[PDB]
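Data block below; observations after.
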Amino acid sequence: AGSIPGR
Amino acid sequence: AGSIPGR
Amino acid sequence: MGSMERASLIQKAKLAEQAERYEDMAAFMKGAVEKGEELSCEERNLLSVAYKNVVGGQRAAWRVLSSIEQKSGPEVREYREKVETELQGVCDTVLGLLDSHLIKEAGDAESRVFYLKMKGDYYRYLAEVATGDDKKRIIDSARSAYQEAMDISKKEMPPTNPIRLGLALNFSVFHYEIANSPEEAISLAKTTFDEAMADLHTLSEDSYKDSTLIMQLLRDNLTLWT
Amino acid sequence: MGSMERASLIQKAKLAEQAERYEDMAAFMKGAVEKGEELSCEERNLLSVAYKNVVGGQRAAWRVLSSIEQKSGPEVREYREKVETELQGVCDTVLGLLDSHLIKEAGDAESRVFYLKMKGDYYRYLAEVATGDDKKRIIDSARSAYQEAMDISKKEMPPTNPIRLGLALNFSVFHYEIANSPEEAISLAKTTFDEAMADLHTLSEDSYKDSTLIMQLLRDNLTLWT
Ligand SMILES: *Cc1ccc(C(=O)NCc2ccc(OC)cc2)cc1
Ligand SMILES: *Cc1ccc(C(=O)NCc2ccc(OC)cc2)cc1
Ligand SMILES: [Cl-]
Ligand SMILES: [Cl-]
Ligand SMILES: [Cl-]
Ligand SMILES: [Cl-]
Ligand SMILES: [Mg+2]
Ligand SMILES: [Mg+2]
C-alpha cells in the first residue's frame, strides 16, 4: 500500500 | 568510462 | 546551523535535493525552521521531502533487518535496534519541529493541514516499530493528528486539493496498516476518490494533472485492498 | 568499535550490506581492520564494497554540485567544498587503513595486489577533486600504487584473474580520465582483453563467467574510447 511521495 | 564494481 | 543565514540554508537545501543528499537537506531545513519564522509553501515542501527521504531509507533498512531477525547470536537484533533507535530519533526531531513551533503558528488551512498530516505521518512511522507499552498511545497520537487535519481540510479545501488528497491517502494507509481497520481504509479511499472525481471539472489543465496523479494512488491502493 | 568483537563487526557489515546501509558497513569494516588481524578474501571484499559505495555517493554528489557551480552567492561553492572535504576525509581514512597496516602485512599476491589497487583507486578519487599545488603529487601517488600492483599481478596471477582484470580496468580509467593518456588507456585495455581471451580455455564454467564479465567492461570502455 503506497503513501504519498514528496515530488 | 566505467571502473570496476564491487559485486 | 545557527550561524548560517536563513536564505542560505534554503538555497543549500535545494542544492542538497539536486545532489540527492537528503541527510544534508534535512539538517539545512531543520536549521531554517529553527530561525523561528513561518515557512512558505515551497519551504514546507523542502522540509517534508528532506525528512521523508531520510526516514524512508531508515524504514527500508529496518524492514530488511526485521525480516532477517524473524527468520532467525545477538548481532541481528542489536543492529536492528540501532537502526530502530536512529529512526525514532529522526521521527522525534521532526515531531519536535512541528511542536516547536510550526503547528501553533500555522493559521492558514494549507499550512495547518500540511503540518498536521506530517505529525500523523511521523507518529505512524513510530507506530510501525512500536511493540511496548506505548504502541497504543503512539497510534492514538497519529490518529488524532490525522483526524484534526481531515476536519480542517473538509471545511477549508476543495475535494481535489492535493494536500487534502494526500492526507486522505496517508490516513487510509494508517487505517489499513497500523489501526487494523481495512474497511475504514477502503471506505475513506473510495469516498475521497469519488468526491475528487466530481470536482475535476472545476480545474485547469495543470491542476487537473496534479489531482488526477494522486487519485491514481488512491485507486492503486483500492486495487490492492479489494 | 573497539568494544565490539571482530566476528560481530564482520557479521554486522554483512547485514549492513543487505540493508544498503553502506556508511554503517564501512564503519564496521573499519573497526574490523583496526582489530589488527589480516583480512580474508571475503573480508577484503566487504571492506572494498563498503567504502566504494560511500565514496561513490560522494563523488556523484560532488559532480552534481561542481556542474552547478560551473554554470554559475557563495552558497554553491561553499556546499561543494563541504562535500569535497567529506569525500577527502573518507579517502584519507581508507588510505590510512591501507597504510596502517594492511599493505605491509599483505604477502600473498591476491591480498597485496588487491590492497594496492585500492590505494590507487582512493588516490584517483582524491585526484578527481584536486586543483592545488598537489594534484600532481596525488596523481603520481595513484600511478605508483597501480604500477606496483600491475607488476605483481603480471608476475603472480594468470591473465584471467578477476583481481588482475579489475586492476587493469581501473588503471586504464586512471590513464584516460586522470593522467590525460588516452592512448595508454586504450593500449592497456586492449592488451588486457586479448591476453585474457587467450587464457579462457583454462577456466571452469564459473571462473569463465567471472572473467568474461570483467572483460566485457574493458570492451565497453574501448567502445566508448574508440
Ligand atoms: C501531503 C502531500 C505531499 C505531497 C503531495 C504531492 O502533490 N506530491 C506529488 C506527487 C503526487 C502523486 C504522485 O504519484 C506518483 C507522485 C508525486 C500532496 C500532498
Ligand atoms: C578489484 C576487483 C574488485 C571486484 C572485482 C569483481 O569481480 N567484481 C564483480 C563484477 C565484475 C564485473 C561486473 O560487470 C558488470 C560486475 C561485477 C574484480 C576486481
Ligand atoms: Cl550494532
Ligand atoms: Cl501564522
Ligand atoms: Cl555548506
Ligand atoms: Cl601476511
Ligand atoms: Mg539573518
Ligand atoms: Mg575478541
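Residues in the C-alpha cells are numbered from 1 in each chain, the chains being A, B, ... in the order shown, and ligands are numbered from 1 in the order shown.
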**OP:** Specify as number ranges by chain all residues of chain A found within 6 Å of chain C, counting only C-alpha atoms.
**Re:** A: 1, 3-4, 6
**OP:** Output the contact residues of chain D with respect to chain C at a cut-off of 12 Å, based on only C-alpha atoms, as a PyMOL selection string.
**Re:** chain D and resi 4-22+24-25+28+57-69+73-80+82-83+86
**OP:** Name each residue within 10 Å of ligand 4, counting only C-alpha atoms and all ligand atoms, as number ranges by chain.
**Re:** C: 37-39, 102-108, 111-112
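Across the model, the gap from CA of residue 127 in chain C to CA of residue 193 in chain C is 26.4 Å.
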**OP:** Using only C-alpha atoms, determine which residues lie at most 12 Å from residue 130 in chain D, disregarding the query and same-chain residues fewer than 6 positions distant; provide the list as a PyMOL selection string.
**Re:** chain D and resi 81+84-85+87-88+123-124+136-139+178
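Taking CA of residue 56 in chain C as the reference point, CA of residue 35 in chain C is found at 25.8 Å.
Here CA of residue 215 in chain D and CA of residue 147 in chain D stand 20.1 Å from one another.
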**OP:** Show which residues sit within 9 Å of residue 153 in chain D, as an NGL selection string. Count only C-alpha atoms, and ignore same-chain residues fewer than 6 positions away.
**Re:** :D and (109-110 or 113 or 159 or 161 or 163-164 or 167)
Go ahead and save the residues from that selection, with N, CA and C atoms, as a PDB file, in the first residue's frame.
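Ended up saving to result-v9.pdb:
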ATOM      1  N   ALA D 109      49.998 -12.624  -3.299  1.00  0.00           N
ATOM      2  CA  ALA D 109      49.626 -11.797  -4.441  1.00  0.00           C
ATOM      3  C   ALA D 109      48.171 -11.333  -4.368  1.00  0.00           C
ATOM      4  N   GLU D 110      47.238 -12.230  -4.011  1.00  0.00           N
ATOM      5  CA  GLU D 110      45.824 -11.859  -4.050  1.00  0.00           C
ATOM      6  C   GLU D 110      45.515 -10.720  -3.079  1.00  0.00           C
ATOM      7  N   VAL D 113      48.010  -7.302  -4.222  1.00  0.00           N
ATOM      8  CA  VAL D 113      47.511  -6.614  -5.416  1.00  0.00           C
ATOM      9  C   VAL D 113      46.185  -5.931  -5.120  1.00  0.00           C
ATOM     10  N   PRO D 159      46.319 -14.300 -16.571  1.00  0.00           N
ATOM     11  CA  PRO D 159      45.714 -13.127 -17.219  1.00  0.00           C
ATOM     12  C   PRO D 159      44.218 -13.036 -17.045  1.00  0.00           C
ATOM     13  N   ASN D 161      42.702 -13.670 -14.079  1.00  0.00           N
ATOM     14  CA  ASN D 161      42.368 -13.472 -12.668  1.00  0.00           C
ATOM     15  C   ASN D 161      41.505 -12.221 -12.491  1.00  0.00           C
ATOM     16  N   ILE D 163      40.907 -10.158 -10.059  1.00  0.00           N
ATOM     17  CA  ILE D 163      41.631  -9.040  -9.443  1.00  0.00           C
ATOM     18  C   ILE D 163      42.588  -8.398 -10.441  1.00  0.00           C
ATOM     19  N   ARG D 164      43.335  -9.209 -11.188  1.00  0.00           N
ATOM     20  CA  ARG D 164      44.232  -8.652 -12.204  1.00  0.00           C
ATOM     21  C   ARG D 164      43.453  -7.883 -13.268  1.00  0.00           C
ATOM     22  N   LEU D 167      42.013  -4.554 -11.723  1.00  0.00           N
ATOM     23  CA  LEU D 167      43.126  -3.608 -11.595  1.00  0.00           C
ATOM     24  C   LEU D 167      43.454  -2.965 -12.936  1.00  0.00           C
TER      25      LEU D 167
END
